[PDB]
$ cat query-v7.cif   # mmCIF, C-alpha atoms and all ligand atoms
data_protein
#
loop_
_atom_site.label_atom_id
_atom_site.label_comp_id
_atom_site.auth_asym_id
_atom_site.auth_seq_id
_atom_site.Cartn_x
_atom_site.Cartn_y
_atom_site.Cartn_z
CA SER A 1 -24.97 -36.56 -55.08
CA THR A 2 -27.83 -38.93 -55.85
CA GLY A 3 -28.36 -42.18 -57.74
CA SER A 4 -31.44 -43.81 -59.24
CA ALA A 5 -31.57 -47.35 -60.69
CA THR A 6 -34.38 -49.51 -61.97
CA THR A 7 -34.79 -52.92 -60.29
CA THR A 8 -36.42 -55.75 -62.30
CA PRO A 9 -37.99 -59.01 -61.05
CA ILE A 10 -35.88 -62.06 -62.09
CA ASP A 11 -38.99 -64.12 -63.03
CA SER A 12 -42.79 -64.20 -63.14
CA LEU A 13 -43.17 -64.71 -59.36
CA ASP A 14 -40.98 -61.73 -58.25
CA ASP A 15 -38.67 -64.26 -56.50
CA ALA A 16 -35.93 -61.58 -56.43
CA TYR A 17 -35.06 -58.30 -58.10
CA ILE A 18 -31.90 -57.39 -60.00
CA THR A 19 -30.39 -53.96 -60.44
CA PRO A 20 -27.56 -53.15 -62.86
CA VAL A 21 -24.32 -52.06 -61.18
CA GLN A 22 -21.19 -50.72 -62.94
CA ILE A 23 -17.92 -52.08 -61.51
CA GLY A 24 -14.42 -51.10 -62.65
CA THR A 25 -12.89 -49.12 -65.47
CA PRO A 26 -14.02 -49.49 -68.17
CA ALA A 27 -17.35 -50.36 -66.59
CA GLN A 28 -18.35 -53.98 -66.22
CA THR A 29 -22.14 -54.10 -65.69
CA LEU A 30 -23.39 -56.88 -63.43
CA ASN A 31 -26.99 -57.45 -62.29
CA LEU A 32 -26.98 -57.60 -58.51
CA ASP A 33 -29.58 -58.49 -55.91
CA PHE A 34 -29.82 -55.53 -53.52
CA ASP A 35 -30.18 -57.04 -50.08
CA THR A 36 -31.11 -54.91 -47.05
CA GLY A 37 -30.65 -58.11 -44.95
CA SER A 38 -26.89 -58.41 -45.56
CA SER A 39 -23.78 -56.27 -45.82
CA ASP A 40 -21.48 -57.81 -48.45
CA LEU A 41 -21.15 -56.68 -52.08
CA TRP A 42 -20.02 -59.91 -53.73
CA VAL A 43 -19.91 -60.94 -57.39
CA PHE A 44 -19.40 -63.88 -59.63
CA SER A 45 -15.94 -63.35 -61.03
CA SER A 46 -13.04 -64.63 -63.15
CA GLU A 47 -11.98 -66.41 -59.89
CA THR A 48 -15.26 -68.33 -59.41
CA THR A 49 -14.80 -72.16 -59.71
CA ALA A 50 -15.76 -72.69 -63.40
CA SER A 51 -18.19 -75.59 -62.60
CA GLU A 52 -20.11 -73.17 -60.28
CA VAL A 53 -20.74 -70.59 -63.06
CA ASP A 54 -23.78 -71.24 -65.35
CA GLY A 55 -24.73 -68.14 -67.36
CA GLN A 56 -23.88 -65.35 -64.83
CA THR A 57 -21.96 -62.28 -65.98
CA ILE A 58 -18.62 -62.23 -64.17
CA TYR A 59 -16.43 -59.45 -62.85
CA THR A 60 -12.83 -59.71 -64.13
CA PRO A 61 -10.63 -57.50 -61.96
CA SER A 62 -7.61 -57.91 -64.29
CA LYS A 63 -9.60 -56.01 -66.98
CA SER A 64 -10.23 -53.05 -64.64
CA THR A 65 -7.60 -50.33 -64.50
CA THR A 66 -9.01 -49.23 -61.08
CA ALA A 67 -9.13 -52.66 -59.41
CA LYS A 68 -6.68 -53.38 -56.59
CA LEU A 69 -6.37 -56.57 -54.55
CA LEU A 70 -7.24 -55.91 -50.90
CA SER A 71 -4.27 -58.00 -49.83
CA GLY A 72 -4.99 -60.71 -47.23
CA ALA A 73 -8.73 -60.04 -47.11
CA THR A 74 -11.17 -62.92 -47.37
CA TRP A 75 -14.92 -63.27 -46.93
CA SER A 76 -17.43 -66.03 -46.34
CA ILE A 77 -21.19 -65.70 -45.94
CA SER A 78 -24.08 -68.03 -45.18
CA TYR A 79 -27.68 -66.88 -45.80
CA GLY A 80 -30.89 -67.91 -43.98
CA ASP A 81 -31.91 -70.11 -46.98
CA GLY A 82 -28.71 -72.22 -46.44
CA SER A 83 -26.92 -70.69 -49.48
CA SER A 84 -23.35 -69.45 -49.21
CA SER A 85 -20.39 -67.96 -51.00
CA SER A 86 -16.79 -67.02 -50.23
CA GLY A 87 -13.66 -65.59 -51.77
CA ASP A 88 -11.18 -62.76 -51.78
CA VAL A 89 -11.55 -58.98 -52.11
CA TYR A 90 -10.70 -56.18 -54.53
CA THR A 91 -11.32 -52.49 -54.16
CA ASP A 92 -12.76 -50.83 -57.29
CA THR A 93 -15.04 -48.04 -58.45
CA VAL A 94 -18.70 -49.00 -58.19
CA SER A 95 -21.60 -46.98 -59.61
CA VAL A 96 -25.32 -47.47 -59.08
CA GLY A 97 -27.74 -45.35 -61.04
CA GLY A 98 -25.15 -42.60 -61.64
CA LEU A 99 -23.86 -42.55 -58.04
CA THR A 100 -20.17 -43.49 -57.88
CA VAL A 101 -18.12 -44.81 -54.93
CA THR A 102 -14.38 -45.13 -55.28
CA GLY A 103 -12.50 -47.72 -53.24
CA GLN A 104 -15.57 -49.94 -52.70
CA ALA A 105 -14.81 -53.46 -51.47
CA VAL A 106 -15.91 -55.84 -54.22
CA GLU A 107 -15.89 -59.37 -52.81
CA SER A 108 -14.90 -61.77 -55.62
CA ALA A 109 -16.43 -65.24 -55.23
CA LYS A 110 -14.14 -68.25 -55.48
CA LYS A 111 -16.98 -70.55 -54.40
CA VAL A 112 -20.78 -70.29 -54.53
CA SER A 113 -23.42 -72.78 -53.39
CA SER A 114 -25.75 -74.59 -55.81
CA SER A 115 -28.66 -72.11 -55.38
CA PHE A 116 -26.44 -69.28 -56.78
CA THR A 117 -25.05 -71.38 -59.66
CA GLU A 118 -28.59 -72.43 -60.67
CA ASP A 119 -29.82 -68.79 -60.80
CA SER A 120 -28.27 -67.47 -64.06
CA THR A 121 -30.05 -64.07 -63.61
CA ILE A 122 -28.21 -63.00 -60.40
CA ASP A 123 -24.56 -61.98 -60.82
CA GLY A 124 -24.07 -61.25 -57.10
CA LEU A 125 -25.38 -59.37 -54.09
CA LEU A 126 -25.16 -55.77 -52.95
CA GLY A 127 -25.73 -55.62 -49.23
CA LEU A 128 -27.52 -52.65 -47.69
CA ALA A 129 -27.76 -53.69 -44.02
CA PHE A 130 -25.39 -52.12 -41.50
CA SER A 131 -21.66 -52.57 -42.08
CA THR A 132 -21.27 -54.37 -38.72
CA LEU A 133 -22.52 -57.52 -40.55
CA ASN A 134 -19.91 -57.36 -43.32
CA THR A 135 -17.95 -60.64 -43.40
CA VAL A 136 -14.58 -59.41 -44.69
CA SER A 137 -11.66 -60.49 -42.47
CA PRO A 138 -9.37 -59.36 -41.02
CA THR A 139 -10.53 -55.78 -41.83
CA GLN A 140 -14.34 -55.41 -41.96
CA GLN A 141 -15.51 -53.38 -45.00
CA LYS A 142 -18.23 -50.80 -45.55
CA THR A 143 -21.34 -51.20 -47.65
CA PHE A 144 -21.87 -49.19 -50.80
CA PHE A 145 -24.41 -47.07 -48.89
CA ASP A 146 -22.08 -46.43 -45.96
CA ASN A 147 -19.29 -45.38 -48.39
CA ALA A 148 -21.66 -43.16 -50.41
CA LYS A 149 -23.42 -41.62 -47.35
CA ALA A 150 -21.26 -38.52 -46.77
CA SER A 151 -21.52 -37.58 -50.54
CA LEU A 152 -25.32 -37.98 -50.75
CA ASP A 153 -27.70 -35.01 -50.64
CA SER A 154 -29.60 -36.84 -47.79
CA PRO A 155 -28.27 -40.00 -46.00
CA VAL A 156 -31.09 -42.22 -47.29
CA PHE A 157 -31.97 -44.79 -49.84
CA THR A 158 -35.44 -45.88 -50.90
CA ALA A 159 -36.86 -49.15 -52.15
CA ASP A 160 -39.86 -49.07 -54.44
CA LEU A 161 -40.30 -52.67 -55.57
CA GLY A 162 -42.89 -53.57 -58.20
CA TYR A 163 -45.53 -56.30 -58.25
CA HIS A 164 -44.78 -58.24 -61.41
CA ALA A 165 -43.12 -55.07 -62.70
CA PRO A 166 -39.89 -53.08 -62.44
CA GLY A 167 -39.34 -50.64 -59.58
CA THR A 168 -36.67 -48.28 -58.35
CA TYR A 169 -33.83 -47.96 -55.83
CA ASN A 170 -32.95 -44.32 -55.16
CA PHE A 171 -29.96 -43.07 -53.18
CA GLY A 172 -29.71 -39.65 -51.53
CA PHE A 173 -33.23 -38.33 -52.10
CA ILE A 174 -36.92 -39.13 -51.49
CA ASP A 175 -39.01 -39.01 -54.73
CA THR A 176 -42.22 -37.34 -53.45
CA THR A 177 -43.97 -38.43 -56.73
CA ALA A 178 -43.39 -42.16 -56.00
CA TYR A 179 -45.92 -42.55 -53.11
CA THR A 180 -49.36 -41.43 -51.96
CA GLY A 181 -50.21 -39.78 -48.66
CA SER A 182 -47.45 -39.30 -46.09
CA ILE A 183 -44.44 -41.37 -45.03
CA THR A 184 -44.71 -42.82 -41.52
CA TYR A 185 -41.31 -43.20 -39.86
CA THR A 186 -40.59 -45.81 -37.20
CA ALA A 187 -37.60 -46.47 -34.98
CA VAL A 188 -34.81 -48.86 -36.00
CA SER A 189 -32.59 -50.98 -33.76
CA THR A 190 -29.15 -51.65 -35.29
CA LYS A 191 -28.23 -54.07 -32.45
CA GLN A 192 -28.31 -57.14 -34.76
CA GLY A 193 -26.98 -55.18 -37.82
CA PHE A 194 -30.37 -55.19 -39.62
CA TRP A 195 -33.05 -52.61 -40.41
CA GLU A 196 -34.99 -53.97 -37.41
CA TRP A 197 -38.24 -52.29 -36.43
CA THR A 198 -41.50 -53.06 -34.64
CA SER A 199 -44.81 -53.29 -36.50
CA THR A 200 -47.87 -52.23 -34.48
CA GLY A 201 -50.09 -55.16 -35.60
CA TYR A 202 -51.99 -56.73 -38.39
CA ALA A 203 -55.34 -57.46 -39.98
CA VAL A 204 -56.47 -60.32 -42.25
CA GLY A 205 -58.69 -59.24 -45.14
CA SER A 206 -61.50 -56.98 -43.95
CA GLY A 207 -61.05 -58.23 -40.34
CA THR A 208 -60.42 -56.07 -37.31
CA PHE A 209 -56.90 -54.81 -36.75
CA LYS A 210 -55.03 -56.64 -33.94
CA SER A 211 -52.76 -54.24 -32.02
CA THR A 212 -49.64 -56.26 -31.18
CA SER A 213 -45.90 -55.53 -31.37
CA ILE A 214 -44.11 -57.58 -34.09
CA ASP A 215 -40.34 -57.07 -34.18
CA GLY A 216 -38.82 -57.85 -37.56
CA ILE A 217 -36.43 -56.76 -40.29
CA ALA A 218 -37.01 -54.98 -43.59
CA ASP A 219 -35.23 -57.39 -45.98
CA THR A 220 -35.29 -56.79 -49.75
CA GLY A 221 -33.26 -59.97 -50.29
CA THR A 222 -35.97 -62.24 -48.79
CA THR A 223 -38.87 -63.16 -51.11
CA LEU A 224 -41.63 -63.86 -48.59
CA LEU A 225 -43.21 -62.40 -45.44
CA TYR A 226 -42.21 -64.46 -42.38
CA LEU A 227 -44.26 -63.74 -39.24
CA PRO A 228 -45.06 -65.48 -35.97
CA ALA A 229 -46.98 -68.72 -36.21
CA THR A 230 -50.03 -67.21 -34.46
CA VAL A 231 -50.32 -64.46 -37.12
CA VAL A 232 -49.70 -66.83 -40.01
CA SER A 233 -52.28 -69.36 -38.76
CA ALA A 234 -54.85 -66.54 -38.45
CA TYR A 235 -54.18 -65.55 -42.05
CA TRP A 236 -54.38 -69.02 -43.64
CA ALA A 237 -57.43 -69.98 -41.57
CA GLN A 238 -59.33 -67.52 -43.85
CA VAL A 239 -58.43 -69.59 -47.01
CA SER A 240 -60.55 -72.75 -47.61
CA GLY A 241 -58.24 -75.77 -47.92
CA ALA A 242 -55.02 -73.99 -46.84
CA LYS A 243 -52.67 -76.03 -44.70
CA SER A 244 -49.10 -76.22 -43.53
CA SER A 245 -47.26 -79.01 -45.43
CA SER A 246 -44.03 -80.39 -43.85
CA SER A 247 -43.36 -82.13 -47.26
CA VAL A 248 -43.50 -78.80 -49.19
CA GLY A 249 -42.01 -76.71 -46.32
CA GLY A 250 -44.79 -74.27 -45.48
CA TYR A 251 -48.35 -73.19 -46.09
CA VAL A 252 -49.96 -74.20 -49.35
CA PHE A 253 -53.43 -73.42 -50.59
CA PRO A 254 -55.72 -74.46 -53.45
CA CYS A 255 -54.81 -72.67 -56.63
CA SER A 256 -58.59 -72.08 -57.10
CA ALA A 257 -58.64 -69.81 -53.97
CA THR A 258 -58.97 -66.06 -53.86
CA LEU A 259 -56.56 -64.85 -51.15
CA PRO A 260 -57.45 -62.14 -48.63
CA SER A 261 -55.27 -59.09 -48.19
CA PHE A 262 -52.92 -58.73 -45.23
CA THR A 263 -52.46 -55.43 -43.41
CA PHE A 264 -49.46 -54.54 -41.23
CA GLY A 265 -49.13 -51.52 -38.97
CA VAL A 266 -46.41 -48.89 -39.07
CA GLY A 267 -47.13 -46.68 -36.06
CA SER A 268 -50.76 -45.53 -36.59
CA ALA A 269 -50.44 -46.11 -40.38
CA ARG A 270 -51.42 -49.27 -42.23
CA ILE A 271 -49.85 -50.95 -45.28
CA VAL A 272 -52.16 -53.25 -47.18
CA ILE A 273 -50.69 -56.21 -49.06
CA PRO A 274 -53.23 -57.27 -51.71
CA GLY A 275 -54.11 -60.97 -51.73
CA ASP A 276 -52.61 -61.46 -55.19
CA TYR A 277 -49.16 -60.51 -53.78
CA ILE A 278 -49.39 -63.58 -51.48
CA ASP A 279 -49.74 -66.01 -54.41
CA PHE A 280 -46.48 -67.81 -55.26
CA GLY A 281 -48.16 -70.18 -57.73
CA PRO A 282 -48.05 -73.93 -58.13
CA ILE A 283 -45.63 -75.82 -55.87
CA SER A 284 -44.47 -77.77 -58.99
CA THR A 285 -45.30 -77.23 -62.57
CA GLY A 286 -49.01 -78.12 -63.23
CA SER A 287 -49.91 -78.64 -59.56
CA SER A 288 -53.19 -77.39 -58.16
CA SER A 289 -51.47 -76.69 -54.83
CA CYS A 290 -50.06 -73.16 -54.62
CA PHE A 291 -47.35 -71.86 -52.30
CA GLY A 292 -48.21 -69.10 -49.89
CA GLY A 293 -46.38 -65.81 -49.60
CA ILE A 294 -46.90 -65.49 -45.86
CA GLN A 295 -44.99 -68.14 -43.90
CA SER A 296 -44.09 -68.80 -40.27
CA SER A 297 -40.86 -67.39 -38.88
CA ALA A 298 -40.73 -70.07 -36.16
CA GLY A 299 -37.28 -71.73 -36.28
CA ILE A 300 -35.80 -68.79 -38.29
CA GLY A 301 -35.40 -66.77 -35.06
CA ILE A 302 -36.53 -63.45 -36.60
CA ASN A 303 -39.62 -62.06 -38.37
CA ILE A 304 -38.81 -60.89 -41.90
CA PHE A 305 -40.69 -58.23 -43.85
CA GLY A 306 -39.44 -59.51 -47.25
CA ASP A 307 -40.44 -58.45 -50.71
CA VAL A 308 -44.11 -59.58 -50.34
CA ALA A 309 -44.51 -56.84 -47.74
CA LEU A 310 -42.04 -54.26 -49.00
CA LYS A 311 -43.40 -54.25 -52.59
CA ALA A 312 -46.74 -53.00 -51.13
CA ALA A 313 -44.99 -49.78 -49.92
CA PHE A 314 -42.56 -47.03 -50.70
CA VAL A 315 -39.83 -47.72 -48.13
CA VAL A 316 -37.30 -45.19 -46.83
CA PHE A 317 -34.09 -46.51 -45.27
CA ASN A 318 -32.92 -43.47 -43.33
CA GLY A 319 -29.21 -43.82 -42.46
CA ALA A 320 -28.95 -40.60 -40.41
CA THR A 321 -27.06 -40.76 -37.09
CA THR A 322 -30.34 -42.10 -35.57
CA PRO A 323 -31.55 -44.50 -38.31
CA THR A 324 -35.24 -44.90 -39.01
CA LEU A 325 -37.51 -46.66 -41.57
CA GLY A 326 -40.32 -44.93 -43.39
CA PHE A 327 -43.30 -46.54 -45.09
CA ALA A 328 -45.82 -44.94 -47.41
CA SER A 329 -48.61 -46.41 -49.52
CA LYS A 330 -48.24 -46.10 -53.28
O1 LIG A 401 -30.89 -64.99 -45.53
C1 LIG A 401 -31.93 -64.35 -45.64
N1 LIG A 401 -32.61 -64.29 -46.80
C2 LIG A 401 -32.10 -64.90 -48.02
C3 LIG A 401 -30.82 -64.32 -48.60
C4 LIG A 401 -30.52 -65.06 -49.90
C5 LIG A 401 -29.71 -64.04 -50.71
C6 LIG A 401 -30.12 -62.70 -50.12
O2 LIG A 401 -30.97 -62.97 -49.00
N2 LIG A 401 -32.44 -63.62 -44.62
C7 LIG A 401 -31.80 -63.58 -43.32
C8 LIG A 401 -32.01 -62.24 -42.63
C9 LIG A 401 -31.96 -62.55 -41.15
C10 LIG A 401 -32.50 -63.92 -41.01
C11 LIG A 401 -32.36 -64.63 -42.36
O1 LIG A 402 -35.94 -65.49 -49.33
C1 LIG A 402 -34.98 -66.23 -49.33
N1 LIG A 402 -34.18 -66.32 -50.40
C2 LIG A 402 -34.54 -65.63 -51.63
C3 LIG A 402 -33.46 -65.35 -52.65
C4 LIG A 402 -32.37 -66.40 -52.72
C5 LIG A 402 -32.66 -67.22 -53.96
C6 LIG A 402 -33.99 -66.68 -54.44
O2 LIG A 402 -34.07 -65.34 -53.94
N2 LIG A 402 -34.64 -67.00 -48.25
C7 LIG A 402 -35.43 -67.01 -47.02
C8 LIG A 402 -35.73 -68.42 -46.55
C9 LIG A 402 -36.19 -68.25 -45.12
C10 LIG A 402 -35.51 -66.98 -44.64
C11 LIG A 402 -34.68 -66.50 -45.82
#
$ encode --input "query-v7.cif" --output "structure tokens"
Amino acid sequence: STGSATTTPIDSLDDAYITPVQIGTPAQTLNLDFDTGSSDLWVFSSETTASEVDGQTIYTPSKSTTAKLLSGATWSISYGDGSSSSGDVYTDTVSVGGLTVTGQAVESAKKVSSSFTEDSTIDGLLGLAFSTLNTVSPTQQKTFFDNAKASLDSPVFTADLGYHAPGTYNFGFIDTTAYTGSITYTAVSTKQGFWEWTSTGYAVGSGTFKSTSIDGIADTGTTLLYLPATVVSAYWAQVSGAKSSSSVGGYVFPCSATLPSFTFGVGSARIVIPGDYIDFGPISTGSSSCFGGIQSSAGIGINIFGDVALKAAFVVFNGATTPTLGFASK
């Protein structure tokens, strides 16, 4: 089997991407944020505290003939932005892009933090990191990918995120028309439950490539690129007037600037992030200070190749017995 779904940016900055997901029978279509940095499929629901729902589409298990309570099971998750959610669990049929999993754990939110309530465009999360991070207790549950794996033509999924445009998530096959050149594969450590890999270095603009090992995670559910402070300082030093602002919470730059590209290594290959991808626009409406898309990972404890980086590539998440990541230009 295979599946193929279009993923659409939630707003003009590509802050996140939503993908329609069919849950239950008859189908209830919810727009979920596919998150390779977490392992819970959770949804706004008929159980979510009414004051915490503001325009999201909700899952109503009582309207699904295939829903079953996973008796006793609860979940609770906290994300690196300080957001959180928690609730109980149903099993139901879930389909993405024509690929169907029966008996998927669908984590029904009873509570969500303010950041979720305030984002009317995101109806929940579909985690695609390793199932060892799933938060369901007392019986940990599998991701949609882990449950689909054995049925797929190839044990893979691919992320092809757009810049200010829709893109694609594919399951079970590699669309050889979706990228240019060859795919360079790199080793993954699952020790922390993430798609964790080691970049071979970086370049700023037209500058020389610095060969240096940068451990980090491929995380579709993080907006920005978070890298060590040394790398980030080297990048922003090439932008007149850029500075780190403790009041704003990161690097800002003059909206009149033209940003340099940023290159990261994947083995001997190179992925180039155009400068325009690093523009996150005015810090507040009408401001001439703009927020940067490359930020320091210091204090976060991990480097994160978020959407700013991943949208510059065709990315293969290879879930074979020995997992690997692949990157191609596109
Ligand atoms: O929490 C992280 N990003 C934000 C969440 C918000 C909803 C989906 O993604 N990233 C974590 C990955 C490991 C360190 C931080
Ligand atoms: O990227 C992050 N969240 C993005 C999602 C949640 C709401 C908008 O889209 N959070 C990062 C902050 C520092 C590490 C994780």
$ closest_atom_pairs --input "query-v7.cif" --of "chain A" --to "ligand LIG 402 (chain A)" --cutoff "9 Å" --atoms "only C-alpha atoms and all ligand atoms" --output "CSV"
residue,atom,partner,partner_atom,distance
A:10,CA,A:LIG402,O2,9.0
A:14,CA,A:LIG402,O2,8.9
A:15,CA,A:LIG402,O2,5.4
A:16,CA,A:LIG402,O2,4.9
A:17,CA,A:LIG402,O2,8.2
A:33,CA,A:LIG402,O2,8.4
A:79,CA,A:LIG402,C11,7.0
A:80,CA,A:LIG402,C11,4.4
A:81,CA,A:LIG402,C8,4.2
A:82,CA,A:LIG402,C8,8.0
A:83,CA,A:LIG402,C4,7.7
A:115,CA,A:LIG402,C5,6.5
A:116,CA,A:LIG402,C5,7.1
A:119,CA,A:LIG402,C5,7.6
A:122,CA,A:LIG402,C5,8.9
A:219,CA,A:LIG402,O1,8.8
A:220,CA,A:LIG402,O1,8.7
A:221,CA,A:LIG402,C3,5.9
A:222,CA,A:LIG402,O1,3.3
A:223,CA,A:LIG402,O1,4.1
A:224,CA,A:LIG402,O1,6.0
A:225,CA,A:LIG402,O1,8.8
A:226,CA,A:LIG402,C10,7.5
A:295,CA,A:LIG402,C9,8.9
A:297,CA,A:LIG402,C9,7.8
A:300,CA,A:LIG402,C10,6.6
A:302,CA,A:LIG402,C10,8.8
A:303,CA,A:LIG402,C10,9.0
A:304,CA,A:LIG402,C10,7.4
A:306,CA,A:LIG402,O1,7.2
A:307,CA,A:LIG402,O1,8.5
$ atom_distance --input "query-v7.cif" --atom1 "atom CA of residue A:28" --atom2 "atom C7 of ligand LIG 401 (chain A)"
28.2 Å
$ atom_distance --input "query-v7.cif" --atom1 "atom CA of residue A:151" --atom2 "atom CA of residue A:317"
16.3 Å
$ closest_residue --input "query-v7.cif" --among "A:50, A:252, A:5, A:125" --to "ligand LIG 401 (chain A)" --atoms "all atoms listed in the file"
A:125
$ residues_around --input "query-v7.cif" --residues "residue A:13" --least-positions-apart "6" --cutoff "9 Å" --atoms "only C-alpha atoms" --output "ChimeraX atom specification"
/A:163-164,279-281
$ closest_residue --input "query-v7.cif" --among "A:128, A:272, A:283, A:159" --to "ligand LIG 401 (chain A)" --atoms "only C-alpha atoms and all ligand atoms"
A:128
$ residues_around --input "query-v7.cif" --residues "residue A:269" --least-positions-apart "4" --cutoff "9 Å" --atoms "all atoms listed in the file" --output "JSON, numbers by chain"
{"A": [183, 184, 200, 264, 265, 327, 328]}
$ residues_around --input "query-v7.cif" --residues "stretch 202-209 of chain A" --least-positions-apart "5" --cutoff "7 Å" --atoms "only C-alpha atoms" --output "PyMOL selection string"
chain A and resi 235+260-265
$ atom_distance --input "query-v7.cif" --atom1 "atom CA of residue A:100" --atom2 "atom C2 of ligand LIG 401 (chain A)"
26.4 Å
$ closest_residue --input "query-v7.cif" --among "A:150, A:129, A:21, A:308" --to "ligand LIG 401 (chain A)" --atoms "all atoms listed in the file"
A:129
$ build_atoms --input "query-v7.cif" --residues "stretch 85-104 of chain A" --atoms "N, CA and C atoms" --output "PDB file, in the coordinates of the input"
ATOM      1  N   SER A  85     -21.432 -68.344 -50.052  1.00  0.00           N
ATOM      2  CA  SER A  85     -20.390 -67.960 -51.000  1.00  0.00           C
ATOM      3  C   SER A  85     -19.185 -67.470 -50.190  1.00  0.00           C
ATOM      4  N   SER A  86     -18.049 -67.466 -50.863  1.00  0.00           N
ATOM      5  CA  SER A  86     -16.790 -67.020 -50.230  1.00  0.00           C
ATOM      6  C   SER A  86     -15.758 -66.690 -51.267  1.00  0.00           C
ATOM      7  N   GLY A  87     -14.730 -65.953 -50.858  1.00  0.00           N
ATOM      8  CA  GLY A  87     -13.660 -65.590 -51.770  1.00  0.00           C
ATOM      9  C   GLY A  87     -12.712 -64.586 -51.199  1.00  0.00           C
ATOM     10  N   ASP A  88     -12.142 -63.824 -52.112  1.00  0.00           N
ATOM     11  CA  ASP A  88     -11.180 -62.760 -51.780  1.00  0.00           C
ATOM     12  C   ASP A  88     -11.766 -61.409 -52.160  1.00  0.00           C
ATOM     13  N   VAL A  89     -10.986 -60.344 -52.056  1.00  0.00           N
ATOM     14  CA  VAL A  89     -11.550 -58.980 -52.110  1.00  0.00           C
ATOM     15  C   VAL A  89     -10.682 -58.119 -52.970  1.00  0.00           C
ATOM     16  N   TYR A  90     -11.310 -57.277 -53.776  1.00  0.00           N
ATOM     17  CA  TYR A  90     -10.700 -56.180 -54.530  1.00  0.00           C
ATOM     18  C   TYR A  90     -11.321 -54.877 -54.102  1.00  0.00           C
ATOM     19  N   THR A  91     -10.646 -53.782 -54.220  1.00  0.00           N
ATOM     20  CA  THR A  91     -11.320 -52.490 -54.160  1.00  0.00           C
ATOM     21  C   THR A  91     -11.435 -52.015 -55.590  1.00  0.00           C
ATOM     22  N   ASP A  92     -12.558 -51.373 -55.895  1.00  0.00           N
ATOM     23  CA  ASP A  92     -12.760 -50.830 -57.290  1.00  0.00           C
ATOM     24  C   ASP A  92     -13.798 -49.728 -57.210  1.00  0.00           C
ATOM     25  N   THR A  93     -13.973 -49.045 -58.307  1.00  0.00           N
ATOM     26  CA  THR A  93     -15.040 -48.040 -58.450  1.00  0.00           C
ATOM     27  C   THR A  93     -16.344 -48.746 -58.765  1.00  0.00           C
ATOM     28  N   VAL A  94     -17.366 -48.405 -58.032  1.00  0.00           N
ATOM     29  CA  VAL A  94     -18.700 -49.000 -58.190  1.00  0.00           C
ATOM     30  C   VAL A  94     -19.675 -47.862 -58.360  1.00  0.00           C
ATOM     31  N   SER A  95     -20.556 -48.005 -59.350  1.00  0.00           N
ATOM     32  CA  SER A  95     -21.600 -46.980 -59.610  1.00  0.00           C
ATOM     33  C   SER A  95     -22.959 -47.639 -59.691  1.00  0.00           C
ATOM     34  N   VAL A  96     -23.918 -47.021 -59.052  1.00  0.00           N
ATOM     35  CA  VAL A  96     -25.320 -47.470 -59.080  1.00  0.00           C
ATOM     36  C   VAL A  96     -26.135 -46.293 -59.543  1.00  0.00           C
ATOM     37  N   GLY A  97     -26.780 -46.397 -60.690  1.00  0.00           N
ATOM     38  CA  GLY A  97     -27.740 -45.350 -61.040  1.00  0.00           C
ATOM     39  C   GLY A  97     -27.105 -43.996 -61.169  1.00  0.00           C
ATOM     40  N   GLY A  98     -25.840 -43.886 -61.558  1.00  0.00           N
ATOM     41  CA  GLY A  98     -25.150 -42.600 -61.640  1.00  0.00           C
ATOM     42  C   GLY A  98     -24.440 -42.187 -60.390  1.00  0.00           C
ATOM     43  N   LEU A  99     -24.562 -42.868 -59.278  1.00  0.00           N
ATOM     44  CA  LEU A  99     -23.860 -42.550 -58.040  1.00  0.00           C
ATOM     45  C   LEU A  99     -22.617 -43.401 -57.952  1.00  0.00           C
ATOM     46  N   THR A 100     -21.452 -42.781 -57.811  1.00  0.00           N
ATOM     47  CA  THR A 100     -20.170 -43.490 -57.880  1.00  0.00           C
ATOM     48  C   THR A 100     -19.508 -43.488 -56.525  1.00  0.00           C
ATOM     49  N   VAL A 101     -18.998 -44.637 -56.110  1.00  0.00           N
ATOM     50  CA  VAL A 101     -18.120 -44.810 -54.930  1.00  0.00           C
ATOM     51  C   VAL A 101     -16.785 -45.322 -55.419  1.00  0.00           C
ATOM     52  N   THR A 102     -15.738 -44.622 -55.055  1.00  0.00           N
ATOM     53  CA  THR A 102     -14.380 -45.130 -55.280  1.00  0.00           C
ATOM     54  C   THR A 102     -13.890 -45.908 -54.067  1.00  0.00           C
ATOM     55  N   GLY A 103     -13.087 -46.928 -54.318  1.00  0.00           N
ATOM     56  CA  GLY A 103     -12.500 -47.720 -53.240  1.00  0.00           C
ATOM     57  C   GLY A 103     -13.533 -48.598 -52.575  1.00  0.00           C
ATOM     58  N   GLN A 104     -14.597 -49.001 -53.245  1.00  0.00           N
ATOM     59  CA  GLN A 104     -15.570 -49.940 -52.700  1.00  0.00           C
ATOM     60  C   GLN A 104     -14.970 -51.336 -52.646  1.00  0.00           C
TER      61      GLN A 104
END
